[PDB]
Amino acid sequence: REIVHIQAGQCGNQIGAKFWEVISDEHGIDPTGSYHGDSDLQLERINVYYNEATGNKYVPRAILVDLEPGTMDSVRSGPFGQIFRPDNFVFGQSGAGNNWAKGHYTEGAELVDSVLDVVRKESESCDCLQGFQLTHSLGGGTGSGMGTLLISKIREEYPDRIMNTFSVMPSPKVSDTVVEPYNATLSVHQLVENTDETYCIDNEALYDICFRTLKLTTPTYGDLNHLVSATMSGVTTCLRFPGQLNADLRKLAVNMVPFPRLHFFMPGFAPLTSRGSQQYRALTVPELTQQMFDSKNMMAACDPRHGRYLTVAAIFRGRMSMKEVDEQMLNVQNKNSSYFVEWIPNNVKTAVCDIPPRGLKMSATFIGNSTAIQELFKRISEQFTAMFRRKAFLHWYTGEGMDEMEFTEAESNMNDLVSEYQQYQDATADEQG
């Protein structure tokens, strides 16, 4: 039933804060914590992300972490900054300045036990904790380095729990930080081993959707974050409202992850909107289907046409025809049969929530485990090899006690992930022996 939410670093707390702003509007919860909605469905599965208090005043089960002290203050002054538990804010004396080693080994590993204590005080009040949900980015030192340290430490204390993450990908067109492929490769090594499900939210893909599709000539983080809000709200609908399919983190992992390490999901959303998009018209079920599966609507910079899907989950939202959805969803698999593995029959599962997202009358959310995600891991391997070849900034990491052999493990595991992802893409549904 209950999910424990953790947001680490600037990016972690920025996407994470927007998560609670969107889901609290859908669940009727106002900034004070009390309910003010209309539907009884809004509160049906409230216990997943909230804690009831005083006279039924709902508190998010969030743990806000960052080595930067200022991040604590920017969250509190947000729309829903007065709804978080004041004790769940674990903040350090100075950020890692985009140095993964500081967060995983020195500065971050001092703050970890304090966070674990908060994790415990929230896991102790769970009737039946189902797992964890970490929002962070792999580009810096705190969200990426300390975030992956929280993951291992949680996996050794809660080994039979689901570790679900929203991991933000670095792109040189979003951040000027040259050491970002080092941290992304070092975090991906940790994710590959200790996570059950990871939603690859690519900043390259968000920068591209804003520039190309939305025509925003000068994209900001708020415009990039708007896409993440739609995505996080969509991918979590299944666990937030009463449903049959993928209604818990474990049942979701059993339907999506065929191979222990191939748990990196390419999310997608339809329709693509940007804050202030007044001129619009409701989308039909055929439009939501074709868009949702298209590379233009992907939150990961990959083209699923250059790969095959192992599993997929479609979440439709709004008052729509359940026969029309089925027809479209069958037609998509029956036409594009060349983009789904034939040795996993019935791999696409479809859920429909009657309650649509904020402002929208209808929407569709795509979660795909595609072999074409290797196009994201090749980008980070080329960018990492570019720096690791000339051995740039290695002193910055090894100086904090970090081993050089860890960069070789992180690299040799990410290349193995790409070779496993391709072995299943070229795999034939054959019986030769």
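Start at 1 with the first residue shown and count on from there.
J.: Mind pulling up the entry and telling me whether 149-157 or 73-81 has the higher mean Cα temperature factor?
T.: Comparing averages over the C-alpha atoms only gives 73-81.
J.: Mean C-alpha B-factor higher for 295-303, or for 255-263?
T.: Higher of the two, by average CA B-factor, is 295-303.
J.: So if I compare the CA B-factors in the entry for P345, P219, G234, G131, which one is the largest?
T.: Largest recorded C-alpha B-factor: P219.
J.: By the entry's C-alpha temperature factors, tell me which of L310, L272, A313, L245 sits highest.
T.: Comparing C-alpha B-factors across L310, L272, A313, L245, the maximum falls on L272.
J.: Relative to the other modelled residues in the chain, which third contains the C-alpha temperature factor of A205: lowest, middle or highest?
T.: Ranked within chain, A205 CA B lands in the middle tercile.
J.: Quick check on the deposited entry: does the C-alpha B-factor of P60 sit in the lowest, middle or highest third of its chain?
T.: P60: CA B-factor falls in the middle third of its chain.
J.: In terms of the chain's CA B-factor thirds, is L41 lowest, middle or highest?
T.: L41: CA B-factor falls in the highest third of its chain.
J.: C-alpha B factor of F241, ranked within the chain: lowest, middle or highest third?
T.: For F241, the deposited C-alpha B-factor lands in the lowest third.
J.: Can you tell me whether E193 has a C-alpha B-factor in the lowest, middle or highest third compared with the other modelled residues of the same chain?
T.: Within its chain, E193 is a lowest-third residue by C-alpha B-factor, going by the deposited values.
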